[PDB]
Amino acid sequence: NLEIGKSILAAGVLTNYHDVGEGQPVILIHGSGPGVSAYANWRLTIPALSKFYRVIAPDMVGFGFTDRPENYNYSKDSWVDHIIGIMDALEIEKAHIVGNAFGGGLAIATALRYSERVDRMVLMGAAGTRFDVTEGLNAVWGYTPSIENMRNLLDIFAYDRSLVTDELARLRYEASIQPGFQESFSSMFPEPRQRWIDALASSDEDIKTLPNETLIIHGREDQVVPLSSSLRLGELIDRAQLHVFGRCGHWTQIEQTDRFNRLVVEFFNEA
């Protein structure tokens, strides 16, 4: 299973992660869908970025193949603690961070609590602001295992549904039913789910204090996180750039791969 990489103790949690490349460190933080993992989200991104940077992609606690501690208290702050724990474990003193959706919210939160540890940020269809729960997000977080339910979620993420094949739905369905996966996922964002969007968000006041050069990316047709959320982030963050991809959903790094990789590499190259 290529989703299983290296293992390291971070913030007291045995963590599964990928580490490819040399040079300036870049931390990639995945999203929060069922069966999600660092490899699943970043397999098409790591190869491109690792040619110029040291790319670290960990499975956040509660997701992927990282340990799922008994009675673990999941929260925005605990996840930030995990990110910092991973950086500490790898002697990464300061790094750029690419946060995908759920991961974008964590990136913003990490930059606010540990400003000295974060350089540039890329926020994709990111959590971080309070937006009204969408039917797409409620469907994603409310997922129960089945190939048809996974096919529907994949359709919700994609602009071009032709990319959603029976094989892909089957493979992700299988990833979603791995031991302990659905159990931690279902108890992660229970109804009412607006509570979790709000919990993952950072206040307008706090976001306005971010000094980091930031690149906000969003798919025009995103059905999970509304474009309006990134428009708001763009008005709050001072050194921000916004890039919106037309004909693109919640899979910006997968549906607009080459454009995405070029934008991100050049953005970091500027530093």
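From 1 onward, residues are counted along the sequence shown.
- For the segment pair 261-269 and 2-10, the entry gives 2-10 the higher mean B-factor, averaged over Cα atoms.
- Of the two segments examined, 155-163 and 135-143, it is 155-163 that shows the higher average Cα temperature factor in the deposited entry.
- Residue-level inspection of the entry shows that, of 189, 173, 102, 74, 74 has the top Cα B-factor.
- The entry assigns its greatest Cα B factor, within the set 29, 217, 236, 48, to 48.
- Annotation for residue 232: CA B-factor lies in the middle third of the chain's modelled residues.
- In this PDB entry, residue 130 carries a Cα temperature factor that places it within the highest third of its chain's modelled residues.
- Ranked by C-alpha B-factor against the other modelled residues of its chain, residue 242 falls in the lowest third.
- Looking at the C-alpha B-factors along this chain, the one for residue 120 belongs to the lowest third.
- For residue 86, the recorded CA temperature factor ranks within the lowest third of the chain's modelled residues.
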